[PDB]
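One is the number of the first residue; the rest follow in order along the sequence. These values consider heavy atoms only, across backbone and side chains, with no hydrogens, waters or symmetry-generated copies.
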Amino acid sequence: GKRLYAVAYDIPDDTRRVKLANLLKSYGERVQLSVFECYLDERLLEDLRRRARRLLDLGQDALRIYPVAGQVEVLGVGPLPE
């Protein structure tokens with residue numbers, strides 16, 4: 001079912017990065033400059049990948065998707081964890 005994912009990206013191109021961030025908003029919320037937290041199940045995860053693939057230059061860009069299980073820990077500024 002739905003689980004928390006950390007979605008971290010490294011996109012050198014500003015235009016592609018803006019498009020990717022706008023896409024990620026449809027699945028979750030920003031937590032840091034290069035990271036969103038998204039609640040996804042299998043179907044939404046596939047949808048996210050499918051749409052992210054349209055946008056990325058896969059020779060230059062990186063996107064990592066981490067399924068999270070356990071307590072997220074936050075030091076410093078930024079959104080408090082569950």
Side-chain angles (χ1 to χ4, degrees):
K2 113 208 221 236
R3 292 171 86 290
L4 175 65
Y5 292 78
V7 181
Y9 53 88
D10 191 343
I11 314 298
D13 181 75
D14 286 348
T15 295
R16 292 202 304 274
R17 201 187 309 109
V18 166
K19 292 180 185 175
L20 178 63
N22 289 334
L23 170 68
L24 293 182
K25 292 271 180 170
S26 73
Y27 303 93
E29 310 295 339
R30 184 180 296 284
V31 292
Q32 290 192 171
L33 204 59
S34 309
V35 185
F36 276 66
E37 279 176 9
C38 298
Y39 280 92
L40 307 162
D41 57 13
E42 220 59 43
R43 177 192 70 84
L44 285 170
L45 174 57
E46 182 187 51
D47 187 59
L48 185 163
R49 294 200 310 262
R50 163 196 324 290
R51 295 180 69 196
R53 285 179 190 282
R54 305 178 169 142
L55 300 175
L56 307 155
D57 184 309
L58 286 209
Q60 291 190 181
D61 292 347
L63 185 177
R64 301 178 82 86
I65 298 166
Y66 293 99
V68 175
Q71 184 58 61
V72 177
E73 301 195 30
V74 183
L75 297 187
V77 303
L80 299 165
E82 203 172 31

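For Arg16, the side-chain hydrogen bond (donor to acceptor under 3.5 Å, both in side chains) partners two or more places apart in sequence, or in a different chain, are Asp61. With sequence neighbours left out, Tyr39 forms a side-chain hydrogen bond (donor to acceptor under 3.5 Å, both in side chains) with no residue at all. Among residues two or more places apart in sequence or in another chain, the side-chain contact (heavy atoms from CB on, under 4.5 Å) test is passed with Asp10 by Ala62. In this structure, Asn22 has no side-chain hydrogen bond (donor to acceptor under 3.5 Å, both in side chains) partners at least two apart in sequence or on a different chain.
Other cluster members for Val31: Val35, joined by side-chain heavy-atom distances under 4.5 Å among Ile, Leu, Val, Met, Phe, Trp and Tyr. Think of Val18 as one node in a network of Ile, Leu, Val, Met, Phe, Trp and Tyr side chains linked at under 4.5 Å; it has no links at all. Annotation for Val77: hydrophobic cluster partners, listed by chain and number, are none (ILVMFWY side-chain heavy atoms under 4.5 Å, direct or chained).
Sorted by first and then second residue, the side chain to side chain donor-acceptor pair (under 3.5 Å) pairs involving residues 62-78 (not counting sequence neighbours) are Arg64-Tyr66. Residues in residues 18-41 take part in no salt bridge (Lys or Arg N to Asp or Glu O under 4.0 Å) pair, two or more places apart or across chains.
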Extract all donor-acceptor atom pairs below 3.5 Å that involve side chains of residues 50-59 and protein atoms in other chains or at least two apart in sequence.
{"residue": "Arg51", "atom": "NH1", "partner": "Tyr27", "partner atom": "OH", "Å": "3.4"}
{"residue": "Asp57", "atom": "OD1", "partner": "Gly59", "partner atom": "N", "Å": "3.1"}
{"residue": "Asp57", "atom": "OD1", "partner": "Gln60", "partner atom": "N", "Å": "3.3"}

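The distance from atom CZ of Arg17 to atom CG of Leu33, rounded to the nearest 0.5 Å, is 8.0 Å. In this structure, CZ in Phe36 is found 9.0 Å from CG in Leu23, a value given to the nearest 0.5 Å.
Under a hydrophobic clustering in which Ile, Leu, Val, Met, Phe, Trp and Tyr are joined whenever their side-chain heavy atoms come within less than 4.5 Å, directly or via other members, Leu4 and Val7 fall into different clusters.
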Pair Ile65-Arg49, side chain to side chain contact (heavy atoms under 4.5 Å, CB included): steps then yes or no: CA-CA 9 Å; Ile65 298 166; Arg49 294 200 310 262; 4.1 Å; yes
Please walk me through it: do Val74 and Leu80 pass side chain to side chain contact (heavy atoms under 4.5 Å, CB included)? CA-CA 7 Å; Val74 183; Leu80 299 165; 5.9 Å; no
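When all heavy atoms of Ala6 and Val68 are compared, the closest pair comes out as N-CG2, 3.8 Å.
Contact of the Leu48 side chain with the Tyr5 side chain is not registered, since no non-hydrogen atoms from C-beta on lie closer than 4.5 Å.
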